[PDB]
$ cat upload-v7.pdb   # PDB, N, CA and C atoms and all ligand atoms
ATOM      1  N   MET A   1      11.122   6.987   7.553  1.00  0.00           N
ATOM      2  CA  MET A   1      10.334   5.789   7.958  1.00  0.00           C
ATOM      3  C   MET A   1       9.901   5.095   6.687  1.00  0.00           C
ATOM      4  N   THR A   2      10.363   3.857   6.527  1.00  0.00           N
ATOM      5  CA  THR A   2       9.999   2.992   5.433  1.00  0.00           C
ATOM      6  C   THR A   2       8.672   2.195   5.698  1.00  0.00           C
ATOM      7  N   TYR A   3       7.686   2.337   4.787  1.00  0.00           N
ATOM      8  CA  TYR A   3       6.470   1.571   4.751  1.00  0.00           C
ATOM      9  C   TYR A   3       6.564   0.825   3.471  1.00  0.00           C
ATOM     10  N   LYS A   4       6.100  -0.425   3.486  1.00  0.00           N
ATOM     11  CA  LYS A   4       6.054  -1.269   2.320  1.00  0.00           C
ATOM     12  C   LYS A   4       4.590  -1.481   2.018  1.00  0.00           C
ATOM     13  N   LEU A   5       4.300  -1.758   0.757  1.00  0.00           N
ATOM     14  CA  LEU A   5       3.036  -2.147   0.196  1.00  0.00           C
ATOM     15  C   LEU A   5       3.230  -3.418  -0.600  1.00  0.00           C
ATOM     16  N   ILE A   6       2.345  -4.387  -0.384  1.00  0.00           N
ATOM     17  CA  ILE A   6       2.251  -5.577  -1.243  1.00  0.00           C
ATOM     18  C   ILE A   6       1.052  -5.357  -2.141  1.00  0.00           C
ATOM     19  N   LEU A   7       1.216  -5.413  -3.455  1.00  0.00           N
ATOM     20  CA  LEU A   7       0.045  -5.373  -4.331  1.00  0.00           C
ATOM     21  C   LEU A   7      -0.113  -6.712  -4.985  1.00  0.00           C
ATOM     22  N   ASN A   8      -1.210  -7.365  -4.691  1.00  0.00           N
ATOM     23  CA  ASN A   8      -1.518  -8.569  -5.339  1.00  0.00           C
ATOM     24  C   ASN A   8      -2.805  -8.225  -5.986  1.00  0.00           C
ATOM     25  N   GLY A   9      -2.698  -7.731  -7.216  1.00  0.00           N
ATOM     26  CA  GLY A   9      -3.845  -7.284  -7.956  1.00  0.00           C
ATOM     27  C   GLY A   9      -3.979  -8.316  -9.002  1.00  0.00           C
ATOM     28  N   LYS A  10      -5.086  -8.312  -9.716  1.00  0.00           N
ATOM     29  CA  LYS A  10      -5.339  -9.298 -10.766  1.00  0.00           C
ATOM     30  C   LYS A  10      -4.464  -9.084 -12.020  1.00  0.00           C
ATOM     31  N   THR A  11      -4.159  -7.846 -12.364  1.00  0.00           N
ATOM     32  CA  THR A  11      -3.229  -7.555 -13.510  1.00  0.00           C
ATOM     33  C   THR A  11      -1.863  -6.958 -13.095  1.00  0.00           C
ATOM     34  N   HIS A  12      -1.882  -6.201 -11.982  1.00  0.00           N
ATOM     35  CA  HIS A  12      -0.705  -5.573 -11.371  1.00  0.00           C
ATOM     36  C   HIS A  12      -0.273  -6.251 -10.096  1.00  0.00           C
ATOM     37  N   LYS A  13       0.995  -6.669 -10.014  1.00  0.00           N
ATOM     38  CA  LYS A  13       1.538  -7.166  -8.740  1.00  0.00           C
ATOM     39  C   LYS A  13       2.809  -6.407  -8.478  1.00  0.00           C
ATOM     40  N   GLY A  14       3.292  -6.532  -7.255  1.00  0.00           N
ATOM     41  CA  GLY A  14       4.605  -6.033  -6.902  1.00  0.00           C
ATOM     42  C   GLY A  14       4.801  -5.778  -5.425  1.00  0.00           C
ATOM     43  N   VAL A  15       5.908  -5.130  -5.125  1.00  0.00           N
ATOM     44  CA  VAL A  15       6.235  -4.582  -3.807  1.00  0.00           C
ATOM     45  C   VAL A  15       6.805  -3.174  -4.023  1.00  0.00           C
ATOM     46  N   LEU A  16       6.226  -2.202  -3.373  1.00  0.00           N
ATOM     47  CA  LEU A  16       6.675  -0.835  -3.427  1.00  0.00           C
ATOM     48  C   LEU A  16       6.959  -0.449  -2.001  1.00  0.00           C
ATOM     49  N   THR A  17       7.970   0.397  -1.807  1.00  0.00           N
ATOM     50  CA  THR A  17       8.250   1.086  -0.537  1.00  0.00           C
ATOM     51  C   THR A  17       8.149   2.564  -0.762  1.00  0.00           C
ATOM     52  N   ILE A  18       7.956   3.279   0.350  1.00  0.00           N
ATOM     53  CA  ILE A  18       7.813   4.749   0.368  1.00  0.00           C
ATOM     54  C   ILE A  18       8.358   5.196   1.684  1.00  0.00           C
ATOM     55  N   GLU A  19       9.078   6.313   1.638  1.00  0.00           N
ATOM     56  CA  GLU A  19       9.637   6.900   2.824  1.00  0.00           C
ATOM     57  C   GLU A  19       8.616   7.953   3.278  1.00  0.00           C
ATOM     58  N   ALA A  20       8.068   7.759   4.479  1.00  0.00           N
ATOM     59  CA  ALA A  20       7.033   8.641   5.034  1.00  0.00           C
ATOM     60  C   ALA A  20       7.257   8.896   6.481  1.00  0.00           C
ATOM     61  N   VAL A  21       6.331   9.673   7.036  1.00  0.00           N
ATOM     62  CA  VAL A  21       6.479  10.313   8.350  1.00  0.00           C
ATOM     63  C   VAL A  21       5.574   9.590   9.360  1.00  0.00           C
ATOM     64  N   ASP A  22       4.368   9.251   8.929  1.00  0.00           N
ATOM     65  CA  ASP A  22       3.568   8.307   9.660  1.00  0.00           C
ATOM     66  C   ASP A  22       2.934   7.381   8.658  1.00  0.00           C
ATOM     67  N   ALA A  23       2.306   6.328   9.162  1.00  0.00           N
ATOM     68  CA  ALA A  23       1.617   5.379   8.335  1.00  0.00           C
ATOM     69  C   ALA A  23       0.345   5.982   7.744  1.00  0.00           C
ATOM     70  N   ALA A  24      -0.161   7.049   8.370  1.00  0.00           N
ATOM     71  CA  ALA A  24      -1.223   7.851   7.787  1.00  0.00           C
ATOM     72  C   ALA A  24      -0.891   8.329   6.363  1.00  0.00           C
ATOM     73  N   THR A  25       0.353   8.771   6.149  1.00  0.00           N
ATOM     74  CA  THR A  25       0.765   9.438   4.896  1.00  0.00           C
ATOM     75  C   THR A  25       1.069   8.326   3.923  1.00  0.00           C
ATOM     76  N   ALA A  26       1.646   7.241   4.392  1.00  0.00           N
ATOM     77  CA  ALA A  26       1.857   6.066   3.524  1.00  0.00           C
ATOM     78  C   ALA A  26       0.543   5.549   2.988  1.00  0.00           C
ATOM     79  N   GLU A  27      -0.391   5.230   3.889  1.00  0.00           N
ATOM     80  CA  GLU A  27      -1.742   4.876   3.505  1.00  0.00           C
ATOM     81  C   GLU A  27      -2.380   5.684   2.366  1.00  0.00           C
ATOM     82  N   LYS A  28      -2.576   7.008   2.576  1.00  0.00           N
ATOM     83  CA  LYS A  28      -2.923   8.016   1.503  1.00  0.00           C
ATOM     84  C   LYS A  28      -2.330   7.756   0.162  1.00  0.00           C
ATOM     85  N   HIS A  29      -1.002   7.650   0.134  1.00  0.00           N
ATOM     86  CA  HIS A  29      -0.285   7.604  -1.134  1.00  0.00           C
ATOM     87  C   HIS A  29      -0.526   6.204  -1.699  1.00  0.00           C
ATOM     88  N   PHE A  30      -0.160   5.148  -0.962  1.00  0.00           N
ATOM     89  CA  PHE A  30      -0.383   3.792  -1.522  1.00  0.00           C
ATOM     90  C   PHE A  30      -1.804   3.551  -1.910  1.00  0.00           C
ATOM     91  N   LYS A  31      -2.776   4.180  -1.232  1.00  0.00           N
ATOM     92  CA  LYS A  31      -4.188   3.952  -1.581  1.00  0.00           C
ATOM     93  C   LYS A  31      -4.588   4.732  -2.827  1.00  0.00           C
ATOM     94  N   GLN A  32      -3.921   5.868  -3.021  1.00  0.00           N
ATOM     95  CA  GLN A  32      -4.087   6.638  -4.260  1.00  0.00           C
ATOM     96  C   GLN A  32      -3.418   5.950  -5.465  1.00  0.00           C
ATOM     97  N   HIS A  33      -2.318   5.307  -5.235  1.00  0.00           N
ATOM     98  CA  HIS A  33      -1.599   4.615  -6.252  1.00  0.00           C
ATOM     99  C   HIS A  33      -2.335   3.331  -6.649  1.00  0.00           C
ATOM    100  N   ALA A  34      -3.058   2.738  -5.718  1.00  0.00           N
ATOM    101  CA  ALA A  34      -3.995   1.689  -6.003  1.00  0.00           C
ATOM    102  C   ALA A  34      -5.051   2.120  -6.999  1.00  0.00           C
ATOM    103  N   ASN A  35      -5.916   3.069  -6.631  1.00  0.00           N
ATOM    104  CA  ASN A  35      -6.899   3.661  -7.562  1.00  0.00           C
ATOM    105  C   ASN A  35      -6.310   3.923  -8.908  1.00  0.00           C
ATOM    106  N   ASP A  36      -5.153   4.595  -8.932  1.00  0.00           N
ATOM    107  CA  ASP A  36      -4.569   5.033 -10.191  1.00  0.00           C
ATOM    108  C   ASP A  36      -4.462   3.799 -11.097  1.00  0.00           C
ATOM    109  N   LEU A  37      -4.081   2.640 -10.508  1.00  0.00           N
ATOM    110  CA  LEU A  37      -3.897   1.355 -11.233  1.00  0.00           C
ATOM    111  C   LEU A  37      -5.191   0.669 -11.623  1.00  0.00           C
ATOM    112  N   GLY A  38      -6.203   0.916 -10.808  1.00  0.00           N
ATOM    113  CA  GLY A  38      -7.483   0.321 -10.968  1.00  0.00           C
ATOM    114  C   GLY A  38      -7.635  -0.795  -9.980  1.00  0.00           C
ATOM    115  N   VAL A  39      -6.905  -0.727  -8.861  1.00  0.00           N
ATOM    116  CA  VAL A  39      -6.963  -1.773  -7.846  1.00  0.00           C
ATOM    117  C   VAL A  39      -7.972  -1.290  -6.835  1.00  0.00           C
ATOM    118  N   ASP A  40      -9.089  -2.041  -6.791  1.00  0.00           N
ATOM    119  CA  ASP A  40     -10.025  -2.021  -5.674  1.00  0.00           C
ATOM    120  C   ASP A  40      -9.821  -3.404  -5.010  1.00  0.00           C
ATOM    121  N   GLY A  41      -9.384  -3.400  -3.746  1.00  0.00           N
ATOM    122  CA  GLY A  41      -9.294  -4.648  -2.979  1.00  0.00           C
ATOM    123  C   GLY A  41      -9.460  -4.577  -1.460  1.00  0.00           C
ATOM    124  N   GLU A  42      -9.052  -5.677  -0.807  1.00  0.00           N
ATOM    125  CA  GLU A  42      -9.059  -5.780   0.618  1.00  0.00           C
ATOM    126  C   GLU A  42      -7.674  -5.313   1.054  1.00  0.00           C
ATOM    127  N   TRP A  43      -7.642  -4.431   2.046  1.00  0.00           N
ATOM    128  CA  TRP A  43      -6.445  -3.765   2.590  1.00  0.00           C
ATOM    129  C   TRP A  43      -6.062  -4.361   3.939  1.00  0.00           C
ATOM    130  N   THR A  44      -4.790  -4.553   4.242  1.00  0.00           N
ATOM    131  CA  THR A  44      -4.395  -4.732   5.594  1.00  0.00           C
ATOM    132  C   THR A  44      -3.161  -3.874   5.877  1.00  0.00           C
ATOM    133  N   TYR A  45      -2.961  -3.562   7.152  1.00  0.00           N
ATOM    134  CA  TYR A  45      -1.757  -2.873   7.665  1.00  0.00           C
ATOM    135  C   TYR A  45      -1.239  -3.623   8.895  1.00  0.00           C
ATOM    136  N   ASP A  46       0.008  -4.094   8.859  1.00  0.00           N
ATOM    137  CA  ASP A  46       0.654  -4.662  10.079  1.00  0.00           C
ATOM    138  C   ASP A  46       1.627  -3.622  10.512  1.00  0.00           C
ATOM    139  N   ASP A  47       1.429  -3.072  11.709  1.00  0.00           N
ATOM    140  CA  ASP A  47       2.288  -2.020  12.227  1.00  0.00           C
ATOM    141  C   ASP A  47       3.734  -2.446  12.497  1.00  0.00           C
ATOM    142  N   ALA A  48       3.983  -3.679  12.965  1.00  0.00           N
ATOM    143  CA  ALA A  48       5.350  -4.090  13.377  1.00  0.00           C
ATOM    144  C   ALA A  48       6.296  -4.138  12.182  1.00  0.00           C
ATOM    145  N   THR A  49       5.809  -4.667  11.065  1.00  0.00           N
ATOM    146  CA  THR A  49       6.562  -4.691   9.835  1.00  0.00           C
ATOM    147  C   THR A  49       6.226  -3.568   8.816  1.00  0.00           C
ATOM    148  N   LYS A  50       5.371  -2.603   9.178  1.00  0.00           N
ATOM    149  CA  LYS A  50       5.111  -1.442   8.307  1.00  0.00           C
ATOM    150  C   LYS A  50       4.746  -1.805   6.893  1.00  0.00           C
ATOM    151  N   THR A  51       3.770  -2.657   6.743  1.00  0.00           N
ATOM    152  CA  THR A  51       3.470  -3.290   5.480  1.00  0.00           C
ATOM    153  C   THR A  51       1.938  -3.244   5.232  1.00  0.00           C
ATOM    154  N   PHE A  52       1.552  -2.596   4.115  1.00  0.00           N
ATOM    155  CA  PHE A  52       0.191  -2.558   3.620  1.00  0.00           C
ATOM    156  C   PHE A  52       0.127  -3.717   2.650  1.00  0.00           C
ATOM    157  N   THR A  53      -0.981  -4.435   2.622  1.00  0.00           N
ATOM    158  CA  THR A  53      -1.273  -5.443   1.582  1.00  0.00           C
ATOM    159  C   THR A  53      -2.497  -4.889   0.877  1.00  0.00           C
ATOM    160  N   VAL A  54      -2.654  -5.148  -0.401  1.00  0.00           N
ATOM    161  CA  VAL A  54      -3.998  -4.922  -0.993  1.00  0.00           C
ATOM    162  C   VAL A  54      -4.065  -6.010  -1.975  1.00  0.00           C
ATOM    163  N   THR A  55      -5.221  -6.691  -1.973  1.00  0.00           N
ATOM    164  CA  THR A  55      -5.436  -7.979  -2.637  1.00  0.00           C
ATOM    165  C   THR A  55      -6.797  -7.891  -3.339  1.00  0.00           C
ATOM    166  N   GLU A  56      -6.791  -8.059  -4.670  1.00  0.00           N
ATOM    167  CA  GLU A  56      -8.016  -8.033  -5.524  1.00  0.00           C
ATOM    168  C   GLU A  56      -8.620  -9.411  -5.595  1.00  0.00           C
TER     169      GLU A  56
HETATM  170 MG    MG A 101      -2.001  11.488  -7.846  1.00  0.00          MG
HETATM  171 MG    MG A 102      -5.054   7.828 -13.830  1.00  0.00          MG
END
$ encode --input "upload-v7.pdb" --output "structure tokens" --more "lines below"
Ligand SMILES: [Mg+2]
Ligand SMILES: [Mg+2]
Amino acid sequence: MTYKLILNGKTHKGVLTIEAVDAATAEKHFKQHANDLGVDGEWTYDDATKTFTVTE
């Protein structure tokens, strides 16, 4: 199962995908990868397109 993340951070941008089992596990990892970068932002998840956004 492919989940995508949009990062629109103030210094870091991009699009990352991750192969996961539920969106629970994608969330965990992408949210940890956010912290690691120093991204604190507003999060969204659209289930139909499997896409997390996080915007600083
Ligand atoms: Mg880690
Ligand atoms: Mg670190």
$ residues_near_ligand --input "upload-v7.pdb" --ligand "ligand MG 101 (chain A)" --cutoff "8 Å" --atoms "all atoms listed in the file" --output "number ranges by chain"
A: 29, 32-33, 36
$ resolve_selection --input "upload-v7.pdb" --expression "the PyMOL selection byres (((chain A and resi 7) around 6) and not hetatm)" --output "number ranges by chain"
A: 5-6, 8-9, 12-16, 53-55
$ write_last_selection --input "upload-v7.pdb" --atoms "N, CA and C atoms" --output "PDB file, in the coordinates of the input"
ATOM      1  N   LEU A   5       4.300  -1.758   0.757  1.00  0.00           N
ATOM      2  CA  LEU A   5       3.036  -2.147   0.196  1.00  0.00           C
ATOM      3  C   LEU A   5       3.230  -3.418  -0.600  1.00  0.00           C
ATOM      4  N   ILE A   6       2.345  -4.387  -0.384  1.00  0.00           N
ATOM      5  CA  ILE A   6       2.251  -5.577  -1.243  1.00  0.00           C
ATOM      6  C   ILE A   6       1.052  -5.357  -2.141  1.00  0.00           C
ATOM      7  N   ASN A   8      -1.210  -7.365  -4.691  1.00  0.00           N
ATOM      8  CA  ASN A   8      -1.518  -8.569  -5.339  1.00  0.00           C
ATOM      9  C   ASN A   8      -2.805  -8.225  -5.986  1.00  0.00           C
ATOM     10  N   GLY A   9      -2.698  -7.731  -7.216  1.00  0.00           N
ATOM     11  CA  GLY A   9      -3.845  -7.284  -7.956  1.00  0.00           C
ATOM     12  C   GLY A   9      -3.979  -8.316  -9.002  1.00  0.00           C
ATOM     13  N   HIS A  12      -1.882  -6.201 -11.982  1.00  0.00           N
ATOM     14  CA  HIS A  12      -0.705  -5.573 -11.371  1.00  0.00           C
ATOM     15  C   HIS A  12      -0.273  -6.251 -10.096  1.00  0.00           C
ATOM     16  N   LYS A  13       0.995  -6.669 -10.014  1.00  0.00           N
ATOM     17  CA  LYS A  13       1.538  -7.166  -8.740  1.00  0.00           C
ATOM     18  C   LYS A  13       2.809  -6.407  -8.478  1.00  0.00           C
ATOM     19  N   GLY A  14       3.292  -6.532  -7.255  1.00  0.00           N
ATOM     20  CA  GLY A  14       4.605  -6.033  -6.902  1.00  0.00           C
ATOM     21  C   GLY A  14       4.801  -5.778  -5.425  1.00  0.00           C
ATOM     22  N   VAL A  15       5.908  -5.130  -5.125  1.00  0.00           N
ATOM     23  CA  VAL A  15       6.235  -4.582  -3.807  1.00  0.00           C
ATOM     24  C   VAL A  15       6.805  -3.174  -4.023  1.00  0.00           C
ATOM     25  N   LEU A  16       6.226  -2.202  -3.373  1.00  0.00           N
ATOM     26  CA  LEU A  16       6.675  -0.835  -3.427  1.00  0.00           C
ATOM     27  C   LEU A  16       6.959  -0.449  -2.001  1.00  0.00           C
ATOM     28  N   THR A  53      -0.981  -4.435   2.622  1.00  0.00           N
ATOM     29  CA  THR A  53      -1.273  -5.443   1.582  1.00  0.00           C
ATOM     30  C   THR A  53      -2.497  -4.889   0.877  1.00  0.00           C
ATOM     31  N   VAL A  54      -2.654  -5.148  -0.401  1.00  0.00           N
ATOM     32  CA  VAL A  54      -3.998  -4.922  -0.993  1.00  0.00           C
ATOM     33  C   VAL A  54      -4.065  -6.010  -1.975  1.00  0.00           C
ATOM     34  N   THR A  55      -5.221  -6.691  -1.973  1.00  0.00           N
ATOM     35  CA  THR A  55      -5.436  -7.979  -2.637  1.00  0.00           C
ATOM     36  C   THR A  55      -6.797  -7.891  -3.339  1.00  0.00           C
TER      37      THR A  55
END
$ select_by_dssp --input "upload-v7.pdb" --residues "chain A" --states "alpha helix (DSSP H)" --output "ChimeraX atom specification"
/A:23-37
$ write_last_selection --input "upload-v7.pdb" --atoms "N, CA and C atoms" --output "compact mmCIF listing (two decimals), keeping the file's coordinate frame"
# COMPACT_ATOMS: atom_id res chain seq x y z
N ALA A 23 2.31 6.33 9.16
CA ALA A 23 1.62 5.38 8.34
C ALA A 23 0.34 5.98 7.74
N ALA A 24 -0.16 7.05 8.37
CA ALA A 24 -1.22 7.85 7.79
C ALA A 24 -0.89 8.33 6.36
N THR A 25 0.35 8.77 6.15
CA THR A 25 0.76 9.44 4.90
C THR A 25 1.07 8.33 3.92
N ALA A 26 1.65 7.24 4.39
CA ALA A 26 1.86 6.07 3.52
C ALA A 26 0.54 5.55 2.99
N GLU A 27 -0.39 5.23 3.89
CA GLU A 27 -1.74 4.88 3.50
C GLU A 27 -2.38 5.68 2.37
N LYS A 28 -2.58 7.01 2.58
CA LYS A 28 -2.92 8.02 1.50
C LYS A 28 -2.33 7.76 0.16
N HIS A 29 -1.00 7.65 0.13
CA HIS A 29 -0.28 7.60 -1.13
C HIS A 29 -0.53 6.20 -1.70
N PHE A 30 -0.16 5.15 -0.96
CA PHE A 30 -0.38 3.79 -1.52
C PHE A 30 -1.80 3.55 -1.91
N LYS A 31 -2.78 4.18 -1.23
CA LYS A 31 -4.19 3.95 -1.58
C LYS A 31 -4.59 4.73 -2.83
N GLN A 32 -3.92 5.87 -3.02
CA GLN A 32 -4.09 6.64 -4.26
C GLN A 32 -3.42 5.95 -5.46
N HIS A 33 -2.32 5.31 -5.24
CA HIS A 33 -1.60 4.62 -6.25
C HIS A 33 -2.34 3.33 -6.65
N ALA A 34 -3.06 2.74 -5.72
CA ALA A 34 -4.00 1.69 -6.00
C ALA A 34 -5.05 2.12 -7.00
N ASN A 35 -5.92 3.07 -6.63
CA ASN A 35 -6.90 3.66 -7.56
C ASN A 35 -6.31 3.92 -8.91
N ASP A 36 -5.15 4.60 -8.93
CA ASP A 36 -4.57 5.03 -10.19
C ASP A 36 -4.46 3.80 -11.10
N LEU A 37 -4.08 2.64 -10.51
CA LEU A 37 -3.90 1.36 -11.23
C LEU A 37 -5.19 0.67 -11.62
$ closest_atom_pairs --input "upload-v7.pdb" --of "chain A" --to "ligand MG 102 (chain A)" --cutoff "8 Å" --atoms "only N, CA and C atoms and all ligand atoms" --output "CSV"
residue,atom,partner,partner_atom,distance
A:35,C,A:MG102,MG,6.4
A:36,CA,A:MG102,MG,4.6
A:37,N,A:MG102,MG,6.2
A:38,N,A:MG102,MG,7.6
$ atom_distance --input "upload-v7.pdb" --atom1 "CA of residue 56 in chain A" --atom2 "atom C of residue 22 in chain A"
23.6 Å
$ closest_residue --input "upload-v7.pdb" --among "A:30, A:46, A:24, A:51" --to "residue 3 in chain A" --atoms "only N, CA and C atoms"
A:51
$ atom_distance --input "upload-v7.pdb" --atom1 "atom C of residue 20 in chain A" --atom2 "atom N of residue 34 in chain A"
17.1 Å
$ resolve_selection --input "upload-v7.pdb" --expression "the PyMOL selection byres (((chain A and resi 50 and name CA) around 8) and not hetatm and name CA)" --output "compact mmCIF listing (two decimals) with N, CA and C atoms, keeping the file's coordinate frame"
# COMPACT_ATOMS: atom_id res chain seq x y z
N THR A 2 10.36 3.86 6.53
CA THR A 2 10.00 2.99 5.43
C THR A 2 8.67 2.19 5.70
N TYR A 3 7.69 2.34 4.79
CA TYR A 3 6.47 1.57 4.75
C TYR A 3 6.56 0.82 3.47
N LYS A 4 6.10 -0.42 3.49
CA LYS A 4 6.05 -1.27 2.32
C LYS A 4 4.59 -1.48 2.02
N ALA A 23 2.31 6.33 9.16
CA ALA A 23 1.62 5.38 8.34
C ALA A 23 0.34 5.98 7.74
N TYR A 45 -2.96 -3.56 7.15
CA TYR A 45 -1.76 -2.87 7.66
C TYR A 45 -1.24 -3.62 8.90
N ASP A 46 0.01 -4.09 8.86
CA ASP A 46 0.65 -4.66 10.08
C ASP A 46 1.63 -3.62 10.51
N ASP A 47 1.43 -3.07 11.71
CA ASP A 47 2.29 -2.02 12.23
C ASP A 47 3.73 -2.45 12.50
N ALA A 48 3.98 -3.68 12.96
CA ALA A 48 5.35 -4.09 13.38
C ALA A 48 6.30 -4.14 12.18
N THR A 49 5.81 -4.67 11.06
CA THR A 49 6.56 -4.69 9.84
C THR A 49 6.23 -3.57 8.82
N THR A 51 3.77 -2.66 6.74
CA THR A 51 3.47 -3.29 5.48
C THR A 51 1.94 -3.24 5.23
N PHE A 52 1.55 -2.60 4.12
CA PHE A 52 0.19 -2.56 3.62
C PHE A 52 0.13 -3.72 2.65
$ atom_distance --input "upload-v7.pdb" --atom1 "atom C of residue 10 in chain A" --atom2 "atom C of residue 40 in chain A"
10.5 Å
$ select_by_dssp --input "upload-v7.pdb" --residues "chain A" --states "strand (DSSP E or B)" --output "VMD selection string"
chain A and resid 2 to 8 13 to 19 42 to 46 51 to 55
$ build_atoms --input "upload-v7.pdb" --residues "range 8-25 of chain A" --atoms "N, CA, C and O atoms" --output "compact mmCIF listing (two decimals), keeping the file's coordinate frame"
# COMPACT_ATOMS: atom_id res chain seq x y z
N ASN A 8 -1.21 -7.36 -4.69
CA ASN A 8 -1.52 -8.57 -5.34
C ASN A 8 -2.80 -8.22 -5.99
O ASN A 8 -3.86 -8.30 -5.36
N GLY A 9 -2.70 -7.73 -7.22
CA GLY A 9 -3.84 -7.28 -7.96
C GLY A 9 -3.98 -8.32 -9.00
O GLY A 9 -3.08 -9.09 -9.18
N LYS A 10 -5.09 -8.31 -9.72
CA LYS A 10 -5.34 -9.30 -10.77
C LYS A 10 -4.46 -9.08 -12.02
O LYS A 10 -4.02 -10.05 -12.66
N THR A 11 -4.16 -7.85 -12.36
CA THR A 11 -3.23 -7.56 -13.51
C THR A 11 -1.86 -6.96 -13.10
O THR A 11 -0.81 -7.26 -13.72
N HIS A 12 -1.88 -6.20 -11.98
CA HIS A 12 -0.70 -5.57 -11.37
C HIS A 12 -0.27 -6.25 -10.10
O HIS A 12 -1.12 -6.38 -9.16
N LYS A 13 1.00 -6.67 -10.01
CA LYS A 13 1.54 -7.17 -8.74
C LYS A 13 2.81 -6.41 -8.48
O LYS A 13 3.36 -5.76 -9.35
N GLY A 14 3.29 -6.53 -7.26
CA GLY A 14 4.61 -6.03 -6.90
C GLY A 14 4.80 -5.78 -5.42
O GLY A 14 3.98 -6.18 -4.58
N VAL A 15 5.91 -5.13 -5.12
CA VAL A 15 6.24 -4.58 -3.81
C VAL A 15 6.80 -3.17 -4.02
O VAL A 15 7.67 -2.98 -4.82
N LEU A 16 6.23 -2.20 -3.37
CA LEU A 16 6.68 -0.84 -3.43
C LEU A 16 6.96 -0.45 -2.00
O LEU A 16 6.18 -0.83 -1.12
N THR A 17 7.97 0.40 -1.81
CA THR A 17 8.25 1.09 -0.54
C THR A 17 8.15 2.56 -0.76
O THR A 17 8.23 3.04 -1.91
N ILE A 18 7.96 3.28 0.35
CA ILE A 18 7.81 4.75 0.37
C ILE A 18 8.36 5.20 1.68
O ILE A 18 8.11 4.54 2.75
N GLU A 19 9.08 6.31 1.64
CA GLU A 19 9.64 6.90 2.82
C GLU A 19 8.62 7.95 3.28
O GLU A 19 8.35 8.93 2.57
N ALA A 20 8.07 7.76 4.48
CA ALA A 20 7.03 8.64 5.03
C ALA A 20 7.26 8.90 6.48
O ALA A 20 8.24 8.44 7.08
N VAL A 21 6.33 9.67 7.04
CA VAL A 21 6.48 10.31 8.35
C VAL A 21 5.57 9.59 9.36
O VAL A 21 5.98 9.26 10.50
N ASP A 22 4.37 9.25 8.93
CA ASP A 22 3.57 8.31 9.66
C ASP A 22 2.93 7.38 8.66
O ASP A 22 2.95 7.65 7.46
N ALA A 23 2.31 6.33 9.16
CA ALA A 23 1.62 5.38 8.34
C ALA A 23 0.34 5.98 7.74
O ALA A 23 -0.12 5.56 6.65
N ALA A 24 -0.16 7.05 8.37
CA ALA A 24 -1.22 7.85 7.79
C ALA A 24 -0.89 8.33 6.36
O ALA A 24 -1.72 8.21 5.44
N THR A 25 0.35 8.77 6.15
CA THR A 25 0.76 9.44 4.90
C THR A 25 1.07 8.33 3.92
O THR A 25 0.66 8.34 2.76
